[PDB]
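For reference, the chain that follows is the form deposited in one PDB entry, supplied as structure tokens.
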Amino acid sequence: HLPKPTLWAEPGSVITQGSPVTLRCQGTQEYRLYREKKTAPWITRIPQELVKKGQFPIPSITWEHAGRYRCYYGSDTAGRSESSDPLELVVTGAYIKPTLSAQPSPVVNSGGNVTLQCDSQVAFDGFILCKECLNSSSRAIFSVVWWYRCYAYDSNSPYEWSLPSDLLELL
């Protein structure tokens, strides 16, 4: 009826294909969750007992659940809040684990900087780097001083990412 809600994921907003995830909204009872640009049926199956508590669990995430979700409480009639800052539910495991290496080395001097390299065997028009994320033909270069992992993805499915790269820890 005023204050905008918080919308987070648990364990996180990046879920591997087939794994569980629960989006959560906090603000007191009339909670509404919704995906932008394309309606997500999976929400209209959520028990009302859960909806009142701001809980919208997904027992096994599919490529359909991928998307930008916003939350808010109340109604037009009795009054509602603003939608919550968008949450981007990403589903991973769709392509090839790229490779992530520090250039020149994982070893960098304090207060200095380093270049990260996400490399793929095939071509993808988009690479993401997640600091255990930010957007950048088969390689991309980021710069971070630290655990990192990157992903590959096609711009025609921006929320469907590849497998994660091995964990990269800067020393």
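Numbering starts at 1 and runs along the sequence shown. We call the rigid core the largest set of C-alpha positions that still match within 1.5 Å between the two forms.
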Interresidue gap class [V144, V145; deposited sequence, unmodelled]: 1 to 3
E64-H65 interval: deposited residues absent from the model: none
32 to 40 or 114 to 122, whichever carries the higher mean Cα B-factor: 114 to 122
Given 10 to 18 and 146 to 154, the range whose Cα B-factors average higher in the PDB entry: 146 to 154
Highest-ranked of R70, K131, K52, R139 once sorted by CA temperature factor in the record: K52
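The form deposited in another entry is left out here; the points below concern that form.
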Per-residue C-alpha change between the shown form and the other one, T44, threshold 2 Å, rigid core fit: no
